[PDB]
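Structural description and commentary
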Amino acid sequence: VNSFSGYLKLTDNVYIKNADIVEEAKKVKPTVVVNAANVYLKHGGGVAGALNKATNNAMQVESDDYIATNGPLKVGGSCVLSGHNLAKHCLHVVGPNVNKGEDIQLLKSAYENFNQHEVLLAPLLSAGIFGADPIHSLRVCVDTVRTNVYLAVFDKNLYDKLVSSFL
Ligand SMILES: CCc1c[nH]c2ncnc(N3CCC[C@@H](S(C)(=O)=O)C3)c12
């Protein structure tokens with residue numbers, strides 16, 4: 001049993017809810033919240049901008065030190081950093097950005113990072129300002145992630161379309 005509430009069950013291990021991932025993280029305080037990161041951990045907009053804002057920029061400060069030491073992530077890769085006031089840990093995952101021409105096949109590699117964590121609160125990778133089709137992102141999620149994932153979809157219209165079209 002866990003504290004996640006109001007989710008629709010899609011499969012054995014994937015759950016979905018119309019919710020602001022920032023508000024959901026603040027209420028649940030999960031072991032892992034996933035950030036929709038870029039390779040530079042520059043959290044300017046989308047989910048990343050919102051999560052970083054909610055940490056009062058502490059996520060960005062920590063991220064800049066990480067990059068200065070380690071260099072950029074790979075598209076499809078991830079790193080574990082602090083969850084600050086939102087979660088125990090933040091898993092920063094880099095899905096492909098279609099608006100940069102990155103290979104959509106890398107979306108599966110991105111979701112594979114979730115399998116290193118038993119339970120996660122997350123957004124749909126590569127959706128929103130990353131430019132991919134969110135229906136496709138949900139399909140890859142379901143077909144790749146085997147651990148327990150609680151997806152937060154900000155847009156109500158989108159949440160309804162994802163549910164109504166889910167096979
Ligand atoms: C600021 C956006 C946002 C705020 N809060 C959210 N909660 C869940 N999903 C979100 N997405 C919705 C838009 C696109 C995706 S994207 C590609 O940036 O990952 C982010 C958001």
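Residues numbered from 1 in each chain as written, not as in the entry; some residues may be left out. Heavy atoms only, no water.

Looking at the entry header, you'll see X-ray crystallography listed as the method and 1.0500 Å as the resolution.

In the annotation of the PDB entry, the protein chain is listed under the name Non-structural protein 3 and assigned to Severe acute respiratory syndrome coronavirus 2. For this entry, the PDB record gives the title as "PanDDA analysis group deposition -- Crystal structure of SARS-CoV-2 NSP3 macrodomain in complex with ZINC000893191027 - (S) and (R) isomers".

Some details on the overall build of the protein chain
How we decide: Secondary structure elements follow DSSP: runs of H or I of four or more residues count as helices, runs of E of two or more count as strands, with numbering from the N terminus. For the radius of gyration, the atoms used are the C-alpha atoms, and the globule rule reads 2.2 Å times the number of residues raised to 0.38. A simple rule labels every residue: compare its accessible area, found with a 1.4 Å probe on the protein chains alone, to the largest value its type can have, and call it buried under 20%, exposed over 50%, or partly exposed in between. The contact rule is simple, with two residues in contact once any of their heavy atoms fall within 4.5 Å. All accessible-area figures derive from a Shrake-Rupley calculation using a 1.4 Å probe, and residue coverage is judged against the displayed protein chains alone.
When you go through the protein chain residue by residue, the secondary structure sums to 6 helices and 7 strands. Listing each helix as α and each strand as β along the protein chain from the N terminus yields β-β-α-β-α-α-β-β-α-β-α-β-α. For 167 residues, the compact-globule estimate of 2.2 N^0.38 gives 15 Å, and the protein chain sits close to it at 15 Å. Reported as C-alpha extents along the three principal axes, the dimensions of the protein chain are approximately 45 × 35 × 25 Å. Buried positions account for 51% of the 167 residues belonging to the protein chain. At a minimum sequence separation of 6, the contacts of the protein chain that also span at least 24 residues come to 66%. Carbon and sulfur atoms make up 52% of the accessible area of the protein chain, which totals about 8,100 Å².

Brief notes about the pairing of strand β7 (residues 148-153)
Basically, it comes down to this: Here, a strand pair is defined by DSSP locating no fewer than two bridges between the strands.
Of all 6 residues in β7, 5 are buried; the element is thus mostly enclosed. For strand β2 (residues 14-18) and β7, the ladder comprises 5 bridges, and the chain directions are parallel. Within β7, the position partnered with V14 by the bridge is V149. Bridge analysis of strand β6 (residues 119-122) against β7 gives 4 bridges, and the strand direction is parallel. In the strand pairing of β7, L121 is matched with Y150.

Some words on the packing of aromatic side chains
The condition is simple: Think of it this way: a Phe, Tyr or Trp ring, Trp meaning its six-membered ring, pairs with another when their centres are within 6.5 Å, and the plane angle makes it stacked under 30 degrees, edge-to-face over 60, tilted otherwise.
Within this structure, the stated rule accounts for 5 aromatic pairs. When the centroid spacing of 4.8 Å and the interplanar angle of 10 degrees are considered together, the rings of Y15 and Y150 count as stacked. Linking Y15 in strand β2 with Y150 in strand β7, this pair joins segments that are 135 residues apart in sequence. A ring pair is formed by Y111 and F114, whose centres lie 5.1 Å apart and whose planes are at 70 degrees; its orientation type is edge-to-face.

Some remarks on the side chain of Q60
Note on placement: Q60 falls in helix α3 (residues 58-70). Residue classification places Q60 among the buried residues on the basis of a relative accessible area of 12%. Each residue touching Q60, except ones within four places of it in the same chain, is listed here: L41, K42, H43 and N52.

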